[PDB]
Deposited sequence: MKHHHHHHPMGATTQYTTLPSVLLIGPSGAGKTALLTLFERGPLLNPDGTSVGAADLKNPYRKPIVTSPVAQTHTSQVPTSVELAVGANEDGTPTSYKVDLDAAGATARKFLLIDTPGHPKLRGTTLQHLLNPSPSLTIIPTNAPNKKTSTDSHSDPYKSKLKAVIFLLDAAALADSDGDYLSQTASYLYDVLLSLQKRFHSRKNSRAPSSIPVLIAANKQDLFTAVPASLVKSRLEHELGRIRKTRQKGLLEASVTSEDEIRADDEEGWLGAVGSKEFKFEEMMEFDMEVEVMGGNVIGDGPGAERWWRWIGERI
């Protein structure tokens, strides 16, 4: 038996991953309840991950795979769920700190995500191209006055991820984005049939909300 396609919700500790699920829901294998909001209207599953670094590997593995399917346990009888998209959630308020530490740890996680998918696109011992799996970079907590707006978030990540691929090539496959690219932009990931877009929103409090996110996603699965 099979289930609705699922969207991998990944991001660092404290982004609001666990928070967003409940909203989604309230409207290693994975143990999701196939209930109401995803079922009744959203026709896909939102799959939560752990935030800690020690645990990122399992999340990353799914991303290497040319045709990723997730094994889910509803609330015995195991299912498979076609991985069709990814939501990269981060705390946009914590990003604002002058020290620049949040951006660094966060851009590192984000790097491996896009590069994993990048390897997955190239990797073809099966001769056909692998299916497009878009990543949505969701800048959460837009209700806080101190939260960084989505357009800055977009720009800040590119500069760090570009900084990352630069510092590593100076290690004289691990190169994110195009090989001839002079400065990094998410738009150049289109060359590997992966769509990456930064979008702001919030789960609790007063602001943009989360439906724009889901609308992006549902428009893409």
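The deposited sequence has C-alpha coordinates everywhere except the stretches 1-15, 43-94, 143-154, 252-267.
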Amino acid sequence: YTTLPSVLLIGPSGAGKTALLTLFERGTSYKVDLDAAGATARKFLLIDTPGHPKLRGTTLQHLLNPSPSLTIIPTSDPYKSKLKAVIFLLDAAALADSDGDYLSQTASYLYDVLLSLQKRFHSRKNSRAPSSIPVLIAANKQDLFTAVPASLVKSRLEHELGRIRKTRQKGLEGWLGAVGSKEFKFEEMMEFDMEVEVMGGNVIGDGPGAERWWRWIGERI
From here on, numbers count along this sequence of modelled residues.
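The PDB entry records a higher mean C-alpha B factor for 126-134 than for its counterpart among 126-134 and 104-112. Higher average CA B factor: 204-212, of the stretches 14-22 and 204-212. Highest C-alpha temperature factor among 193, 183, 48, 160 per the entry: 193. The PDB entry assigns the greatest CA B-factor among 178, 70, 63, 36 to 36. Residue-level temperature factors show residue 59 in the middle third of its chain, judged at the C-alpha atom. Placement of the Cα temperature factor of residue 154 within the chain: lowest third of the modelled residues, per the deposited record. In the PDB entry, residue 8 places in the lowest third of its chain by CA B-factor. Among the modelled residues of the chain, residue 168 sits in the middle third by CA temperature factor in this PDB entry. When the CA B factors of the chain's modelled residues are split into thirds, the value for residue 145 lands in the middle one.
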